[PDB]
Amino acid sequence: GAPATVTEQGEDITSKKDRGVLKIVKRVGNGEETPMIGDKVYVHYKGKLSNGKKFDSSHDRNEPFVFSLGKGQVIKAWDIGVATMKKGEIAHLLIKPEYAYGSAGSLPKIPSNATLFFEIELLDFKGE
Ligand SMILES: C=CC[C@@H](C(=O)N1CCCC[C@H]1C(=O)O[C@H](CCc1ccc(OC)c(OC)c1)c1cccc(OCC(=O)O)c1)c1ccc(Cl)s1
């Protein structure tokens with residue numbers, strides 16, 4: 001499973017090194033530049049529970065998912081994870097609850113203490 005590969009071979013990109021966010025690069029993006037705090041980022045993604053018992057995908061709006069990086073507009077794992085991504089890159093993230101919704105969850109979609117999995121494609125990013 002794509003999740004299993006991230007467990008075994010994913011890099012811990014957390015500052016605390018608690019394996020709360022693990023990452024594999026599935027397709028290399030271009031150049032060296034990755035986005036700074038405050039950059040506008042454009043992604044496609046899809047996501048599911050570590051189980052997969054729930055599943056959701058941006059693509060259904062053929063328009064990109066857009067947010068300002070590093071400003072708390074998304075769960076912590078995304079501010080951490082998307083920051084490490086290059087233009088055109090596709091990555092897998094496996095995320096412990098503490099970097100997502102925690103024990104609060106986000107019912108009824110996301111239960112308490114849920115692990116999440118995402119495939120993210122970084123389409124572009126532009127400066128504050
Ligand atoms: C419809 C389900 C939501 C989806 C999900 O978990 N996210 C959507 C993509 C981005 C990551 C993550 C997320 O940050 O959810 C957030 C949920 C709200 C939120 C934001 C910031 C948070 O912490 C700083 C936060 O903490 C619990 C929750 C989200 C959803 C939709 C849009 C958005 O920002 C752009 C905008 O507001 O226009 C942000 C999942 C998909 C599959 C899953 Cl399993 S979980």
# chains A, B, ... in the order shown; residues from 1 in each chain; ligands from 1
call {"tool": "closest_atom_pairs", "arguments": {"of": "region 10-45 of chain A", "to": "region 75-93 of chain A", "cutoff": "8 Å", "atoms": "only C-alpha atoms", "output": "Markdown table"}}
result
| residue | atom | partner | partner_atom | distance |
| --- | --- | --- | --- | --- |
| A:13 | CA | A:81 | CA | 7.3 |
| A:14 | CA | A:80 | CA | 7.4 |
| A:21 | CA | A:77 | CA | 6.1 |
| A:22 | CA | A:93 | CA | 5.5 |
| A:23 | CA | A:93 | CA | 4.7 |
| A:24 | CA | A:92 | CA | 5.2 |
| A:25 | CA | A:91 | CA | 4.5 |
| A:26 | CA | A:91 | CA | 5.1 |
| A:27 | CA | A:90 | CA | 5.0 |
| A:28 | CA | A:89 | CA | 5.0 |
| A:29 | CA | A:89 | CA | 3.8 |
| A:30 | CA | A:87 | CA | 5.7 |
| A:31 | CA | A:86 | CA | 7.2 |
| A:32 | CA | A:86 | CA | 6.7 |
| A:33 | CA | A:86 | CA | 6.1 |
| A:34 | CA | A:86 | CA | 4.9 |
| A:35 | CA | A:83 | CA | 5.5 |
| A:36 | CA | A:83 | CA | 6.8 |
| A:37 | CA | A:83 | CA | 7.8 |
call {"tool": "residues_around", "arguments": {"residues": "residue 118 (chain A)", "least_positions_apart": "2", "cutoff": "10 Å", "atoms": "only C-alpha atoms", "output": "short mmCIF file (atom, residue, chain, number, x, y, z; two decimals) with N, CA, C and O atoms, in the first residue's frame"}}
result
data_model
loop_
_atom_site.label_atom_id
_atom_site.label_comp_id
_atom_site.auth_asym_id
_atom_site.auth_seq_id
_atom_site.Cartn_x
_atom_site.Cartn_y
_atom_site.Cartn_z
N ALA A 2 0.40 2.29 -0.67
CA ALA A 2 1.13 3.54 -0.76
C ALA A 2 1.41 4.04 0.66
O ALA A 2 2.54 4.44 0.96
N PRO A 3 0.42 4.01 1.60
CA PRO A 3 0.69 4.28 3.02
C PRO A 3 1.82 3.44 3.61
O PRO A 3 2.69 3.98 4.30
N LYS A 23 7.06 11.54 4.61
CA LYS A 23 6.96 11.99 3.24
C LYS A 23 7.77 11.10 2.33
O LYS A 23 8.91 10.76 2.66
N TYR A 45 -4.86 17.52 -4.93
CA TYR A 45 -4.64 16.49 -3.94
C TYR A 45 -5.80 15.49 -3.92
O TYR A 45 -6.92 15.75 -4.38
N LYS A 46 -5.52 14.35 -3.31
CA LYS A 46 -6.56 13.47 -2.80
C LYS A 46 -6.04 12.88 -1.50
O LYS A 46 -4.84 12.93 -1.24
N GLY A 47 -6.96 12.37 -0.68
CA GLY A 47 -6.71 12.07 0.71
C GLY A 47 -7.70 11.03 1.23
O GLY A 47 -8.80 10.88 0.68
N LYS A 48 -7.29 10.31 2.27
CA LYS A 48 -8.11 9.28 2.89
C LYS A 48 -7.59 8.99 4.29
O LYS A 48 -6.48 9.41 4.62
N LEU A 49 -8.42 8.32 5.09
CA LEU A 49 -7.98 7.76 6.37
C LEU A 49 -6.96 6.65 6.11
O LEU A 49 -7.02 5.96 5.10
N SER A 50 -6.01 6.49 7.04
CA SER A 50 -5.11 5.35 7.04
C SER A 50 -5.87 4.07 6.73
O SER A 50 -5.34 3.20 6.04
N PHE A 55 -12.68 9.04 2.03
CA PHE A 55 -11.83 9.39 0.90
C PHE A 55 -12.39 10.63 0.20
O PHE A 55 -13.55 10.68 -0.16
N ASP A 56 -11.52 11.59 -0.11
CA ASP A 56 -11.94 12.80 -0.79
C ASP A 56 -10.81 13.33 -1.66
O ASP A 56 -9.65 13.26 -1.29
N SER A 57 -11.19 13.94 -2.79
CA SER A 57 -10.30 14.36 -3.86
C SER A 57 -10.74 15.73 -4.38
O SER A 57 -11.91 15.88 -4.69
N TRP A 78 0.20 20.02 6.46
CA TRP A 78 0.29 20.62 5.13
C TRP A 78 1.24 21.82 5.11
O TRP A 78 1.99 21.95 4.16
N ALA A 91 3.97 14.24 -3.99
CA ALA A 91 4.43 13.57 -2.79
C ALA A 91 3.30 12.81 -2.10
O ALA A 91 2.12 13.16 -2.22
N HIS A 92 3.67 11.78 -1.32
CA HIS A 92 2.76 11.16 -0.38
C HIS A 92 3.14 11.57 1.03
O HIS A 92 4.32 11.52 1.39
N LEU A 93 2.11 11.89 1.83
CA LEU A 93 2.24 12.23 3.24
C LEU A 93 1.41 11.27 4.07
O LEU A 93 0.25 11.04 3.76
N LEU A 94 2.00 10.75 5.14
CA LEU A 94 1.25 10.06 6.18
C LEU A 94 1.35 10.86 7.48
O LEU A 94 2.44 11.25 7.90
N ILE A 95 0.21 11.07 8.16
CA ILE A 95 0.06 12.14 9.14
C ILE A 95 -0.63 11.59 10.37
O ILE A 95 -1.74 11.08 10.23
N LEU A 116 -4.07 10.35 8.73
CA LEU A 116 -4.48 10.74 7.39
C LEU A 116 -3.38 10.44 6.37
O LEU A 116 -2.20 10.46 6.71
N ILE A 120 -0.33 14.74 -2.83
CA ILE A 120 -0.35 16.16 -3.14
C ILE A 120 0.52 16.39 -4.36
O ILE A 120 1.62 15.87 -4.37
N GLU A 121 0.03 17.19 -5.31
CA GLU A 121 0.81 17.70 -6.43
C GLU A 121 0.88 19.22 -6.29
O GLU A 121 -0.15 19.88 -6.13
#
call {"tool": "atom_distance", "arguments": {"atom1": "CA of residue 52 (chain A)", "atom2": "CA of residue 71 (chain A)"}}
result
28.2 Å
call {"tool": "select_by_dssp", "arguments": {"residues": "chain A", "states": "helix (DSSP H, G or I)", "output": "NGL selection string"}}
result
:A and (2-9 or 58-60 or 76-83 or 97-99 or 102-104)
call {"tool": "closest_residue", "arguments": {"among": "A:98, A:44, A:38, A:11", "to": "residue 61 (chain A)", "atoms": "only C-alpha atoms"}}
result
A:44
call {"tool": "closest_residue", "arguments": {"among": "A:111, A:97, A:74, A:105", "to": "ligand 1", "atoms": "only C-alpha atoms and all ligand atoms"}}
result
A:74
call {"tool": "closest_residue", "arguments": {"among": "A:72, A:102, A:10, A:127", "to": "ligand 1", "atoms": "only C-alpha atoms and all ligand atoms"}}
result
A:72
call {"tool": "atom_distance", "arguments": {"atom1": "atom 1 (C, counted along the ligand's line) of ligand 1", "atom2": "CA of residue 15 (chain A)"}}
result
26.6 Å
call {"tool": "select_by_dssp", "arguments": {"residues": "region 2-128 of chain A", "states": "strand (DSSP E or B)", "output": "count of residues only"}}
result
45
call {"tool": "residues_around", "arguments": {"residues": "residue 126 (chain A)", "least_positions_apart": "4", "cutoff": "9 Å", "atoms": "only C-alpha atoms", "output": "list in words"}}
result
residues 35, 39, 40, 41 and 42 of chain A
call {"tool": "write_last_selection", "arguments": {"atoms": "C-alpha atoms", "output": "tab-separated table (two decimals), in the first residue's frame"}}
result
chain	number	residue	atom	x	y	z
A	35	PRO	CA	7.79	27.96	-1.26
A	39	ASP	CA	3.59	32.24	-0.58
A	40	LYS	CA	0.38	31.47	-2.42
A	41	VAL	CA	0.41	27.74	-3.28
A	42	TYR	CA	-1.63	25.87	-5.89
call {"tool": "atom_distance", "arguments": {"atom1": "atom 10 (C, counted along the ligand's line) of ligand 1", "atom2": "CA of residue 107 (chain A)"}}
result
15.9 Å
